[PDB]
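So this block is input26.txt, compact mmCIF, C-alpha atoms and all ligand atoms:
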```
# COMPACT_ATOMS: atom_id res chain seq x y z
CA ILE A 1 -14.05 24.86 0.31
CA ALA A 2 -13.50 23.41 3.85
CA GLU A 3 -14.40 19.80 2.95
CA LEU A 4 -11.49 19.81 0.50
CA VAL A 5 -9.20 21.31 3.19
CA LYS A 6 -9.51 18.07 5.24
CA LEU A 7 -8.23 16.20 2.16
CA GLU A 8 -4.72 17.39 3.21
CA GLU A 9 -4.70 15.08 6.23
CA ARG A 10 -6.34 12.24 4.34
CA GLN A 11 -3.47 12.59 1.86
CA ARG A 12 -0.91 12.38 4.61
CA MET A 13 -2.63 9.21 5.89
CA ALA A 14 -2.73 7.67 2.38
CA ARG A 15 0.99 8.31 1.95
CA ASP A 16 1.70 6.70 5.35
CA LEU A 17 -0.27 3.62 4.18
CA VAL A 18 1.67 3.46 0.93
CA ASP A 19 4.90 3.72 2.85
CA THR A 20 3.97 0.98 5.32
CA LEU A 21 2.48 -1.43 2.81
CA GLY A 22 5.62 -0.93 0.68
CA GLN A 23 7.84 -1.86 3.57
CA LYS A 24 5.68 -4.93 4.40
CA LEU A 25 5.72 -6.10 0.72
CA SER A 26 9.46 -5.73 0.70
CA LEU A 27 9.93 -7.71 3.96
CA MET A 28 7.61 -10.43 2.64
CA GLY A 29 9.66 -10.54 -0.58
CA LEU A 30 12.91 -11.01 1.33
CA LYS A 31 11.41 -13.78 3.56
CA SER A 32 9.84 -15.75 0.65
CA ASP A 33 13.25 -15.82 -1.03
CA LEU A 34 15.04 -17.05 2.09
CA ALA A 35 12.30 -19.63 2.50
CA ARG A 36 12.72 -20.73 -1.15
CA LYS A 37 16.44 -21.35 -0.43
CA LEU A 38 15.58 -23.65 2.51
CA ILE A 39 13.01 -25.86 0.72
CA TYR A 40 15.39 -28.82 0.37
CA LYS A 41 18.00 -27.85 3.00
CA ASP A 42 15.65 -27.23 5.89
CA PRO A 43 11.95 -27.70 4.95
CA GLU A 44 10.65 -27.19 8.52
CA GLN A 45 12.41 -23.80 8.70
CA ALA A 46 11.12 -23.03 5.21
CA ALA A 47 7.54 -23.63 6.49
CA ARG A 48 8.16 -21.31 9.48
CA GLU A 49 9.38 -18.38 7.36
CA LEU A 50 6.30 -18.79 5.17
CA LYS A 51 4.02 -18.91 8.25
CA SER A 52 5.65 -15.61 9.24
CA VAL A 53 5.06 -14.16 5.69
CA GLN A 54 1.42 -15.20 6.12
CA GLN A 55 1.21 -13.46 9.50
CA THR A 56 2.76 -10.25 8.16
CA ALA A 57 0.25 -10.26 5.32
CA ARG A 58 -2.74 -10.91 7.55
CA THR A 59 -1.80 -8.46 10.25
CA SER A 60 -0.92 -5.67 7.71
CA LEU A 61 -4.19 -6.04 5.90
CA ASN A 62 -5.94 -6.15 9.28
CA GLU A 63 -4.36 -2.84 10.32
CA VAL A 64 -4.98 -1.08 7.02
CA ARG A 65 -8.53 -2.34 6.40
CA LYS A 66 -10.26 -0.05 8.93
CA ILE A 67 -8.49 3.12 7.81
CA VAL A 68 -8.71 2.86 4.01
CA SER A 69 -12.29 4.23 3.40
CA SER A 70 -12.01 7.43 5.46
CA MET A 71 -8.24 7.78 5.34
CA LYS A 72 -8.76 9.14 8.84
CA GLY A 73 -7.69 7.91 12.22
CA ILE A 74 -7.54 9.26 15.74
CA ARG A 75 -5.27 12.18 16.63
CA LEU A 76 -3.18 11.69 19.73
CA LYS A 77 -4.02 15.17 21.14
CA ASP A 78 -7.73 14.33 20.95
CA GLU A 79 -7.27 10.97 22.55
CA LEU A 80 -5.42 12.62 25.47
CA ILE A 81 -8.43 14.93 25.99
CA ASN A 82 -10.63 11.86 25.78
CA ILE A 83 -8.84 9.67 28.31
CA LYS A 84 -8.73 12.62 30.74
CA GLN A 85 -12.54 12.83 30.56
CA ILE A 86 -12.80 9.04 31.01
CA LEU A 87 -10.65 9.08 34.15
CA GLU A 88 -12.68 11.96 35.60
CA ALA A 89 -15.97 10.17 34.99
CA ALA A 90 -14.38 7.18 36.76
CA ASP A 91 -13.18 9.35 39.68
CA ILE A 92 -9.54 8.25 39.08
CA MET A 93 -7.05 11.10 39.35
CA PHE A 94 -5.33 11.81 36.00
CA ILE A 95 -1.72 12.68 36.48
CA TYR A 96 0.03 14.29 33.53
CA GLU A 97 3.16 16.50 33.57
CA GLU A 98 3.23 18.06 30.12
CA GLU A 99 6.59 18.07 28.27
CA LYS A 100 7.59 18.77 24.60
CA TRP A 101 4.92 17.14 22.41
CA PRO A 102 6.28 14.66 19.82
CA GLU A 103 6.96 16.47 16.62
CA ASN A 104 7.23 14.39 13.48
CA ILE A 105 4.84 11.50 14.03
CA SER A 106 3.03 9.84 11.13
CA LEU A 107 -0.78 9.97 11.23
CA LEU A 108 -0.77 6.16 11.05
CA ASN A 109 1.37 6.06 14.16
CA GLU A 110 -0.81 8.57 15.99
CA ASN A 111 -3.80 6.34 15.29
CA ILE A 112 -1.95 3.28 16.60
CA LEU A 113 -0.76 5.08 19.77
CA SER A 114 -4.23 6.58 20.29
CA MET A 115 -5.93 3.18 20.15
CA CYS A 116 -3.39 1.77 22.61
CA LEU A 117 -3.74 4.72 24.94
CA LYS A 118 -7.55 4.34 24.85
CA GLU A 119 -7.36 0.65 25.57
CA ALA A 120 -4.87 1.05 28.41
CA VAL A 121 -7.00 3.66 30.15
CA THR A 122 -10.18 1.62 29.55
CA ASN A 123 -8.50 -1.22 31.42
CA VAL A 124 -7.55 1.10 34.27
CA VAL A 125 -11.22 1.95 34.59
CA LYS A 126 -12.58 -1.60 34.27
CA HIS A 127 -10.02 -3.66 36.18
CA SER A 128 -7.56 -1.72 38.27
CA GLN A 129 -9.52 -0.15 41.20
CA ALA A 130 -6.75 2.41 40.97
CA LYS A 131 -6.92 5.73 42.73
CA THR A 132 -4.63 7.35 40.21
CA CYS A 133 -3.55 7.04 36.62
CA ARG A 134 -0.39 8.67 35.33
CA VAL A 135 0.07 9.17 31.59
CA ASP A 136 3.59 9.99 30.27
CA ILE A 137 4.09 10.94 26.58
CA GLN A 138 7.82 11.23 25.72
CA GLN A 139 9.64 12.10 22.52
CA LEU A 140 12.72 9.96 23.09
CA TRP A 141 15.41 10.30 20.38
CA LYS A 142 14.07 8.21 17.49
CA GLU A 143 10.89 7.07 19.25
CA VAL A 144 7.70 8.10 21.02
CA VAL A 145 7.02 6.39 24.32
CA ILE A 146 3.76 6.45 26.20
CA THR A 147 3.66 5.05 29.73
CA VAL A 148 0.25 4.48 31.42
CA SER A 149 0.71 3.75 35.18
CA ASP A 150 -2.08 2.98 37.62
CA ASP A 151 -1.77 2.26 41.34
CA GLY A 152 -4.51 -0.39 41.49
CA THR A 153 -3.88 -4.16 41.40
CA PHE A 154 -3.42 -6.36 38.29
CA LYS A 155 -6.21 -8.93 38.03
CA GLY A 156 -4.87 -11.08 35.15
CA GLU A 157 -3.14 -14.48 35.03
CA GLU A 158 -0.16 -15.00 32.67
CA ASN A 159 -1.87 -13.85 29.43
CA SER A 160 -0.98 -11.70 26.38
CA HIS A 161 -9.13 -8.84 23.50
CA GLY A 162 -7.22 -5.73 24.66
CA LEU A 163 -3.66 -6.62 25.51
CA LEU A 164 -3.01 -8.79 22.40
CA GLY A 165 -4.60 -6.10 20.19
CA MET A 166 -2.14 -3.53 21.58
CA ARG A 167 0.89 -5.73 21.17
CA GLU A 168 -0.13 -6.56 17.61
CA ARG A 169 -0.70 -3.04 16.35
CA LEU A 170 2.50 -1.82 18.09
CA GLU A 171 4.66 -4.57 16.64
CA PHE A 172 3.12 -3.92 13.16
CA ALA A 173 4.58 -0.40 13.50
CA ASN A 174 7.89 -1.94 14.63
CA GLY A 175 7.31 -0.69 18.20
CA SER A 176 6.73 -2.62 21.39
CA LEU A 177 4.61 -3.12 24.49
CA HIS A 178 5.96 -3.86 28.00
CA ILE A 179 3.72 -4.62 31.01
CA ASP A 180 4.79 -4.52 34.63
CA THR A 181 2.23 -5.68 37.17
CA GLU A 182 4.32 -5.81 40.33
CA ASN A 183 2.87 -2.73 41.97
CA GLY A 184 -0.14 -1.56 40.07
CA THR A 185 0.07 -1.92 36.31
CA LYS A 186 2.52 0.08 34.19
CA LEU A 187 2.08 -0.26 30.42
CA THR A 188 4.96 1.07 28.30
CA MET A 189 4.33 1.52 24.59
CA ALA A 190 7.07 2.63 22.21
CA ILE A 191 6.81 3.35 18.54
CA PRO A 192 9.40 4.56 15.97
CA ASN A 193 9.22 8.30 15.14
CA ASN B 1 -13.09 29.56 -6.15
CA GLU B 2 -9.47 30.85 -6.37
CA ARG B 3 -8.38 28.18 -3.84
CA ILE B 4 -11.06 25.61 -4.75
CA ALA B 5 -9.36 25.21 -8.15
CA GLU B 6 -6.01 24.15 -6.56
CA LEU B 7 -7.76 21.90 -3.96
CA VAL B 8 -9.21 19.81 -6.84
CA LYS B 9 -5.53 19.11 -7.61
CA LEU B 10 -5.10 17.49 -4.18
CA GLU B 11 -8.31 15.62 -5.15
CA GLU B 12 -6.58 13.85 -8.06
CA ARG B 13 -3.45 13.21 -6.01
CA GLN B 14 -5.62 11.63 -3.30
CA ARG B 15 -7.25 9.48 -5.96
CA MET B 16 -3.79 8.21 -7.06
CA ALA B 17 -2.69 7.61 -3.46
CA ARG B 18 -5.79 5.45 -2.98
CA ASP B 19 -5.11 3.49 -6.17
CA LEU B 20 -1.63 2.75 -4.87
CA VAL B 21 -2.92 1.63 -1.49
CA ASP B 22 -5.45 -0.57 -3.27
CA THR B 23 -2.88 -2.07 -5.61
CA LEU B 24 -0.29 -2.68 -2.90
CA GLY B 25 -2.97 -4.32 -0.76
CA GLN B 26 -4.01 -6.54 -3.60
CA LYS B 27 -0.40 -7.58 -4.22
CA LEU B 28 0.28 -8.16 -0.54
CA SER B 29 -2.77 -10.41 -0.36
CA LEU B 30 -1.75 -12.24 -3.58
CA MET B 31 1.74 -12.85 -2.19
CA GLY B 32 0.18 -14.13 1.04
CA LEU B 33 -2.07 -16.62 -0.79
CA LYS B 34 0.88 -17.74 -2.96
CA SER B 35 3.22 -18.12 0.03
CA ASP B 36 0.61 -20.22 1.86
CA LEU B 37 0.25 -22.40 -1.24
CA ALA B 38 4.02 -22.82 -1.53
CA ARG B 39 4.07 -23.75 2.17
CA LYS B 40 1.49 -26.57 1.66
CA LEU B 41 3.61 -27.99 -1.23
CA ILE B 42 7.09 -28.03 0.38
CA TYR B 43 6.90 -31.84 0.90
CA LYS B 44 4.43 -33.01 -1.83
CA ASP B 45 6.09 -30.98 -4.60
CA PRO B 46 9.09 -28.78 -3.70
CA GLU B 47 9.64 -27.76 -7.36
CA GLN B 48 6.22 -26.10 -7.60
CA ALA B 49 6.76 -24.55 -4.18
CA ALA B 50 10.02 -23.08 -5.57
CA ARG B 51 8.17 -21.66 -8.60
CA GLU B 52 5.33 -20.23 -6.53
CA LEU B 53 7.97 -18.41 -4.39
CA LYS B 54 9.92 -17.14 -7.47
CA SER B 55 6.63 -15.72 -8.64
CA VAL B 56 6.14 -14.10 -5.19
CA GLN B 57 9.54 -12.45 -5.52
CA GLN B 58 8.73 -11.16 -9.00
CA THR B 59 5.41 -9.67 -7.84
CA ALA B 60 7.25 -7.90 -4.98
CA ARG B 61 9.99 -6.47 -7.22
CA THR B 62 7.71 -5.29 -10.02
CA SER B 63 5.14 -3.86 -7.61
CA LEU B 64 7.65 -1.70 -5.85
CA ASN B 65 9.15 -0.59 -9.18
CA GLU B 66 5.77 0.54 -10.46
CA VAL B 67 4.94 2.43 -7.28
CA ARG B 68 8.42 4.02 -6.84
CA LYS B 69 8.09 6.55 -9.65
CA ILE B 70 4.65 7.84 -8.72
CA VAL B 71 4.80 8.09 -4.94
CA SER B 72 6.46 11.55 -4.50
CA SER B 73 4.12 13.50 -6.80
CA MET B 74 1.15 11.15 -6.65
CA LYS B 75 0.77 12.05 -10.29
CA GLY B 76 0.92 10.04 -13.44
CA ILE B 77 0.39 10.70 -17.15
CA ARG B 78 -3.24 11.14 -18.29
CA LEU B 79 -4.24 9.08 -21.30
CA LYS B 80 -5.82 12.04 -23.10
CA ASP B 81 -2.47 13.84 -22.91
CA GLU B 82 -0.47 10.89 -24.07
CA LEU B 83 -2.79 10.55 -27.14
CA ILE B 84 -1.97 14.16 -28.06
CA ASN B 85 1.72 13.44 -27.55
CA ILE B 86 1.75 10.40 -29.81
CA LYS B 87 -0.11 12.30 -32.56
CA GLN B 88 2.65 14.96 -32.53
CA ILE B 89 5.36 12.28 -32.62
CA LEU B 90 3.67 10.59 -35.59
CA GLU B 91 3.38 13.90 -37.39
CA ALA B 92 7.10 14.67 -36.87
CA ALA B 93 7.79 11.15 -38.16
CA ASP B 94 5.55 11.72 -41.24
CA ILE B 95 3.59 8.59 -40.37
CA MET B 96 -0.10 8.88 -40.90
CA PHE B 97 -2.04 8.78 -37.66
CA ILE B 98 -5.37 6.93 -37.91
CA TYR B 99 -7.69 7.48 -35.00
CA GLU B 100 -11.51 7.22 -34.96
CA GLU B 101 -12.78 8.86 -31.78
CA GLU B 102 -15.19 6.74 -29.84
CA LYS B 103 -16.69 6.75 -26.36
CA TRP B 104 -13.88 7.43 -23.89
CA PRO B 105 -13.47 4.81 -21.08
CA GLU B 106 -15.51 6.18 -18.22
CA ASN B 107 -13.92 5.04 -14.97
CA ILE B 108 -10.28 4.23 -15.27
CA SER B 109 -7.99 4.49 -12.24
CA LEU B 110 -5.29 7.15 -12.45
CA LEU B 111 -2.80 4.31 -11.89
CA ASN B 112 -4.15 2.50 -14.91
CA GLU B 113 -4.15 5.62 -17.08
CA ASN B 114 -0.48 5.97 -16.23
CA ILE B 115 0.29 2.38 -17.19
CA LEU B 116 -1.68 2.59 -20.48
CA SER B 117 -0.05 5.92 -21.28
CA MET B 118 3.39 4.47 -20.83
CA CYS B 119 2.60 1.46 -23.01
CA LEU B 120 1.00 3.63 -25.73
CA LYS B 121 4.10 5.87 -25.69
CA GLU B 122 6.46 2.90 -25.99
CA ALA B 123 4.32 1.27 -28.77
CA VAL B 124 4.39 4.40 -30.96
CA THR B 125 8.08 5.05 -30.24
CA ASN B 126 8.74 1.56 -31.52
CA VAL B 127 6.63 2.35 -34.62
CA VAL B 128 8.80 5.38 -35.24
CA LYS B 129 12.17 3.77 -34.55
CA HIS B 130 11.64 0.25 -35.99
CA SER B 131 8.67 -0.29 -38.29
CA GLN B 132 9.35 1.88 -41.35
CA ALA B 133 5.53 2.26 -41.40
CA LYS B 134 3.52 4.82 -43.39
CA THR B 135 0.42 4.50 -41.18
CA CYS B 136 -0.21 4.05 -37.48
CA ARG B 137 -3.67 3.27 -36.20
CA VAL B 138 -4.55 3.75 -32.49
CA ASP B 139 -7.80 2.32 -31.09
CA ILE B 140 -8.96 2.99 -27.52
CA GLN B 141 -12.03 0.99 -26.44
CA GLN B 142 -14.01 0.28 -23.37
CA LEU B 143 -14.86 -3.40 -23.97
CA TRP B 144 -17.10 -4.72 -21.07
CA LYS B 145 -14.83 -5.19 -18.00
CA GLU B 146 -11.65 -3.90 -19.68
CA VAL B 147 -9.98 -1.10 -21.58
CA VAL B 148 -8.22 -2.15 -24.72
CA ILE B 149 -5.71 -0.07 -26.72
CA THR B 150 -4.61 -1.41 -30.12
CA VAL B 151 -1.59 0.06 -31.94
CA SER B 152 -1.26 -1.20 -35.58
CA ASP B 153 1.34 -0.17 -38.09
CA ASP B 154 1.87 -1.19 -41.68
CA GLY B 155 5.66 -1.61 -41.48
CA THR B 156 7.53 -4.88 -40.93
CA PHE B 157 8.50 -6.42 -37.56
CA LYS B 158 12.25 -6.54 -37.03
CA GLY B 159 12.68 -8.80 -33.96
CA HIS B 160 13.84 -2.73 -22.80
CA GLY B 161 10.49 -1.81 -24.27
CA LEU B 162 8.41 -4.92 -24.95
CA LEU B 163 9.13 -6.71 -21.65
CA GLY B 164 8.70 -3.40 -19.77
CA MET B 165 5.25 -3.18 -21.39
CA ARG B 166 4.41 -6.82 -20.61
CA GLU B 167 5.49 -6.45 -16.94
CA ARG B 168 3.51 -3.31 -16.35
CA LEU B 169 0.31 -4.63 -17.98
CA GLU B 170 0.64 -7.86 -16.04
CA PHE B 171 1.10 -5.79 -12.82
CA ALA B 172 -2.37 -4.22 -13.61
CA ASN B 173 -3.76 -7.71 -14.26
CA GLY B 174 -3.99 -7.25 -18.05
CA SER B 175 -2.01 -8.41 -21.07
CA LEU B 176 0.03 -7.66 -24.13
CA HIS B 177 -0.51 -9.51 -27.44
CA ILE B 178 1.70 -8.90 -30.48
CA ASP B 179 0.59 -9.92 -33.99
CA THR B 180 3.20 -9.56 -36.68
CA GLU B 181 1.26 -11.21 -39.52
CA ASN B 182 0.70 -8.09 -41.62
CA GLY B 183 2.54 -5.22 -40.00
CA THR B 184 2.80 -5.07 -36.19
CA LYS B 185 -0.36 -4.94 -34.04
CA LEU B 186 -0.01 -4.51 -30.25
CA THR B 187 -3.17 -5.12 -28.31
CA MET B 188 -2.90 -4.03 -24.71
CA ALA B 189 -5.68 -4.83 -22.28
CA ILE B 190 -6.24 -3.87 -18.63
CA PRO B 191 -9.09 -4.52 -16.17
CA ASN B 192 -11.51 -1.68 -15.63
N1 LIG A 201 -4.82 -1.77 34.17
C1 LIG A 201 -5.17 -2.99 34.64
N2 LIG A 201 -5.33 -3.24 35.98
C2 LIG A 201 -5.67 -4.47 36.44
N3 LIG A 201 -5.88 -5.54 35.65
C3 LIG A 201 -5.73 -5.45 34.30
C4 LIG A 201 -5.36 -4.13 33.71
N4 LIG A 201 -5.31 -4.30 32.38
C5 LIG A 201 -5.59 -5.60 32.14
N5 LIG A 201 -5.85 -6.30 33.27
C6 LIG A 201 -6.18 -7.76 33.34
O1 LIG A 201 -5.70 -8.48 32.17
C7 LIG A 201 -6.82 -9.04 31.47
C8 LIG A 201 -6.69 -8.90 29.95
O2 LIG A 201 -6.86 -7.56 29.51
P1 LIG A 201 -7.65 -7.31 28.19
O3 LIG A 201 -6.71 -7.98 27.24
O4 LIG A 201 -8.15 -5.88 27.99
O5 LIG A 201 -9.01 -8.19 28.31
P2 LIG A 201 -10.45 -7.71 28.84
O6 LIG A 201 -10.50 -6.21 29.20
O7 LIG A 201 -11.44 -7.84 27.74
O8 LIG A 201 -10.44 -8.63 30.05
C9 LIG A 201 -8.05 -8.38 32.04
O9 LIG A 201 -9.19 -9.24 31.98
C10 LIG A 201 -7.66 -8.08 33.44
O10 LIG A 201 -7.84 -9.23 34.27
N1 LIG A 202 6.58 -1.49 -34.26
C1 LIG A 202 7.62 -2.30 -34.50
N2 LIG A 202 7.99 -2.55 -35.77
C2 LIG A 202 9.02 -3.36 -36.04
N3 LIG A 202 9.75 -3.99 -35.11
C3 LIG A 202 9.49 -3.82 -33.80
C4 LIG A 202 8.38 -2.95 -33.41
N4 LIG A 202 8.36 -2.97 -32.07
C5 LIG A 202 9.36 -3.79 -31.65
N5 LIG A 202 10.04 -4.28 -32.69
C6 LIG A 202 11.20 -5.20 -32.64
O1 LIG A 202 11.38 -5.78 -31.34
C7 LIG A 202 12.59 -5.32 -30.75
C8 LIG A 202 12.35 -5.11 -29.27
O2 LIG A 202 11.72 -3.85 -29.08
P1 LIG A 202 11.98 -3.13 -27.70
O3 LIG A 202 11.64 -4.15 -26.65
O4 LIG A 202 11.20 -1.83 -27.67
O5 LIG A 202 13.55 -2.83 -27.63
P2 LIG A 202 14.41 -1.75 -28.48
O6 LIG A 202 13.49 -0.67 -29.01
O7 LIG A 202 15.27 -1.19 -27.41
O8 LIG A 202 15.00 -2.72 -29.48
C9 LIG A 202 12.93 -4.06 -31.53
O9 LIG A 202 14.31 -3.74 -31.54
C10 LIG A 202 12.47 -4.41 -32.91
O10 LIG A 202 13.44 -5.26 -33.48
CA CA A 203 -9.77 -4.47 27.85
CA CA A 204 11.69 0.33 -27.78
```

Any chance you could put this one into structure tokens?
Amino acid sequence: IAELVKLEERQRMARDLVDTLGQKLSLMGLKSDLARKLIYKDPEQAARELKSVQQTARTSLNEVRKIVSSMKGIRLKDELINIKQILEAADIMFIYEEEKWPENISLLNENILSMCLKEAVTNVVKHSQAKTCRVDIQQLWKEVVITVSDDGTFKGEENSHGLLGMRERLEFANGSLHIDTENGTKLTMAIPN
Amino acid sequence: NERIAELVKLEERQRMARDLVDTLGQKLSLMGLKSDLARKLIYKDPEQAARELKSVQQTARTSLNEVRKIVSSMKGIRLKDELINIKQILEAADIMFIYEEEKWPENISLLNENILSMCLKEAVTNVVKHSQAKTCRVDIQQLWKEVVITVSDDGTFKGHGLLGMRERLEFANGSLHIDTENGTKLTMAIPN
């Protein structure tokens, strides 16, 4: 029926959401308990744990909210085709040495990495004045690591809206963002896999 | 059509997956609101803060327990099937089954059918093991914004099951009421 064949991927996305929300609920449960045990002992620390529970809740809902209707996100292979066309239109040479594609990556995590990849490249175009942009995608043991390196110049002050958005979605997936702006801008994004 | 049949199966599984996402989201948001409230009360009223956080813990525990069993298959029990099951149990028990068919609830989540099915099963099991009843009446009603199942037997109340029922109905934002005035009547209600 075709239209029902795409339900297979929507189902994989829905399961990923169930899995992630389950883990967040569970973490929030553990922190509320610890906080409860500090109420009298250490009320300032108790407040801080609960502020963290609140942030987990808000950020999780924030990350799930946009996916839930369609149960569809961006595929990393398509985003790679996309950012190659963006660099070409910008006349910035795309450098990519293809290695073994990551194998067992959740659709949620592909969407997160795709959005980060898109934002990183968008910044190369808008801010870097780079001549080149190298994209590395690595399956590294238990993680996937994408490095976006441009040979332009970093234009920012100390700060981090793109960069905060990336850090937030990556840390929601228990991954991380590193930025090095010494000689061009190298963005390293790592997510569990 | 040979494949289309089986793809409607994924259709129901996807509907259950969505119900779980929706319910886990709701609970996450509830626990957030309750945590924030506990936070604001740490100094004015630490006792209430403690109780709001105990309630947060309970919501976490029970939510994960209700999801745990469904997640792998994304499949629950359908209420129509459980009604058939309980009729056959009541027949083996030689307890008269009283059921007047009315309009079936139109738009009940698969998650909520599973919860109602489990409660209906436990209610009738209790009729069979405990009541010494001769009749068992089952009513299933769409009443405005809720579905209500009533299970009434003509035995005598003798007082696992009852708290399990109460927890799962409360997880779906509904309720359990027991009336033991003249036999045992369980009214279970769930939003819909
Ligand atoms: N690849 C890059 N090359 C040079 N400067 C950058 C790069 N990425 C980000 N920046 C700098 O850091 C700032 C913050 O990035 P971002 O968070 O996307 O905000 P915005 O694009 O809306 O300025 C940018 O305004 C820019 O000054
Ligand atoms: N339909 C019923 N008729 C009579 N007594 C009941 C009925 N349902 C529950 N009870 C009483 O309440 C007790 C608690 O029931 P339940 O929670 O299901 O635990 P259990 O069946 O394991 O005792 C029963 O043991 C019984 O004493
Ligand atoms: Ca930007
Ligand atoms: Ca029982």

What does the list of residues within 8 Å of ligand CA 203 (chain A) look like if you count only C-alpha atoms and all ligand atoms, written as a PyMOL selection string? chain A and resi 119-120+122-123+126+161-163

Take the selection from the previous step and output its residues with C-alpha atoms, as a PDB file, keeping the file's coordinate frame.
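Result file follows (again23.pdb):
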```
ATOM      1  CA  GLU A 119      -7.360   0.650  25.570  1.00  0.00           C
ATOM      2  CA  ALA A 120      -4.870   1.050  28.410  1.00  0.00           C
ATOM      3  CA  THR A 122     -10.180   1.620  29.550  1.00  0.00           C
ATOM      4  CA  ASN A 123      -8.500  -1.220  31.420  1.00  0.00           C
ATOM      5  CA  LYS A 126     -12.580  -1.600  34.270  1.00  0.00           C
ATOM      6  CA  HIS A 161      -9.130  -8.840  23.500  1.00  0.00           C
ATOM      7  CA  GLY A 162      -7.220  -5.730  24.660  1.00  0.00           C
ATOM      8  CA  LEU A 163      -3.660  -6.620  25.510  1.00  0.00           C
TER       9      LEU A 163
END
```

At a cut-off of 9 Å and counting all atoms listed in the file, what residues surround ligand LIG 201 (chain A)? Please answer as a PDB file with C-alpha atoms, in the coordinates of the input.
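selection22.pdb, written as the output of this step:
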```pdb
ATOM      1  CA  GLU A 119      -7.360   0.650  25.570  1.00  0.00           C
ATOM      2  CA  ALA A 120      -4.870   1.050  28.410  1.00  0.00           C
ATOM      3  CA  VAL A 121      -7.000   3.660  30.150  1.00  0.00           C
ATOM      4  CA  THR A 122     -10.180   1.620  29.550  1.00  0.00           C
ATOM      5  CA  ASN A 123      -8.500  -1.220  31.420  1.00  0.00           C
ATOM      6  CA  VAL A 124      -7.550   1.100  34.270  1.00  0.00           C
ATOM      7  CA  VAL A 125     -11.220   1.950  34.590  1.00  0.00           C
ATOM      8  CA  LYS A 126     -12.580  -1.600  34.270  1.00  0.00           C
ATOM      9  CA  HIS A 127     -10.020  -3.660  36.180  1.00  0.00           C
ATOM     10  CA  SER A 128      -7.560  -1.720  38.270  1.00  0.00           C
ATOM     11  CA  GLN A 129      -9.520  -0.150  41.200  1.00  0.00           C
ATOM     12  CA  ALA A 130      -6.750   2.410  40.970  1.00  0.00           C
ATOM     13  CA  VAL A 148       0.250   4.480  31.420  1.00  0.00           C
ATOM     14  CA  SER A 149       0.710   3.750  35.180  1.00  0.00           C
ATOM     15  CA  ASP A 150      -2.080   2.980  37.620  1.00  0.00           C
ATOM     16  CA  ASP A 151      -1.770   2.260  41.340  1.00  0.00           C
ATOM     17  CA  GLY A 152      -4.510  -0.390  41.490  1.00  0.00           C
ATOM     18  CA  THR A 153      -3.880  -4.160  41.400  1.00  0.00           C
ATOM     19  CA  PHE A 154      -3.420  -6.360  38.290  1.00  0.00           C
ATOM     20  CA  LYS A 155      -6.210  -8.930  38.030  1.00  0.00           C
ATOM     21  CA  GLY A 156      -4.870 -11.080  35.150  1.00  0.00           C
ATOM     22  CA  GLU A 157      -3.140 -14.480  35.030  1.00  0.00           C
ATOM     23  CA  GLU A 158      -0.160 -15.000  32.670  1.00  0.00           C
ATOM     24  CA  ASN A 159      -1.870 -13.850  29.430  1.00  0.00           C
ATOM     25  CA  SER A 160      -0.980 -11.700  26.380  1.00  0.00           C
ATOM     26  CA  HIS A 161      -9.130  -8.840  23.500  1.00  0.00           C
ATOM     27  CA  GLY A 162      -7.220  -5.730  24.660  1.00  0.00           C
ATOM     28  CA  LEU A 163      -3.660  -6.620  25.510  1.00  0.00           C
ATOM     29  CA  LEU A 164      -3.010  -8.790  22.400  1.00  0.00           C
ATOM     30  CA  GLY A 165      -4.600  -6.100  20.190  1.00  0.00           C
ATOM     31  CA  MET A 166      -2.140  -3.530  21.580  1.00  0.00           C
ATOM     32  CA  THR A 181       2.230  -5.680  37.170  1.00  0.00           C
ATOM     33  CA  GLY A 184      -0.140  -1.560  40.070  1.00  0.00           C
ATOM     34  CA  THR A 185       0.070  -1.920  36.310  1.00  0.00           C
ATOM     35  CA  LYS A 186       2.520   0.080  34.190  1.00  0.00           C
ATOM     36  CA  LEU A 187       2.080  -0.260  30.420  1.00  0.00           C
TER      37      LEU A 187
END
```

Sel. within 12 Å of pt (1.5, 14.1, -9.6), counting only C-alpha atoms, output as number ranges by chain: B: 9-17, 69-78, 110-111, 114

For residue 186 (chain B), please output as a compact mmCIF listing (two decimals) with C-alpha atoms, keeping the file's coordinate frame all residues within 10 Å (counting all atoms listed in the file; exclusion window: fewer than 5 positions along the same chain).
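Output below, filename result_17.txt:
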```
# COMPACT_ATOMS: atom_id res chain seq x y z
CA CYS B 119 2.60 1.46 -23.01
CA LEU B 120 1.00 3.63 -25.73
CA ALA B 123 4.32 1.27 -28.77
CA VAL B 124 4.39 4.40 -30.96
CA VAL B 138 -4.55 3.75 -32.49
CA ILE B 149 -5.71 -0.07 -26.72
CA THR B 150 -4.61 -1.41 -30.12
CA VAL B 151 -1.59 0.06 -31.94
CA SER B 152 -1.26 -1.20 -35.58
CA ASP B 153 1.34 -0.17 -38.09
CA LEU B 162 8.41 -4.92 -24.95
CA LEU B 176 0.03 -7.66 -24.13
CA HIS B 177 -0.51 -9.51 -27.44
CA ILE B 178 1.70 -8.90 -30.48
CA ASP B 179 0.59 -9.92 -33.99
CA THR B 180 3.20 -9.56 -36.68
```

Mind listing as a PyMOL selection string which residues of chain A are within 10 Å of chain B, counting all atoms listed in the file? chain A and resi 1-5+7-8+10-40+43-44+46-58+60-61+64-65+68-69+71

Just how far from CA of residue 138 (chain A) is CA of residue 102 (chain A), in Å to one decimal? 7.0 Å

Å distance separating CA of residue 88 (chain A) from CA of residue 134 (chain A), one decimal place: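 Separation of CA of residue 88 (chain A) and CA of residue 134 (chain A): 12.7 Å.
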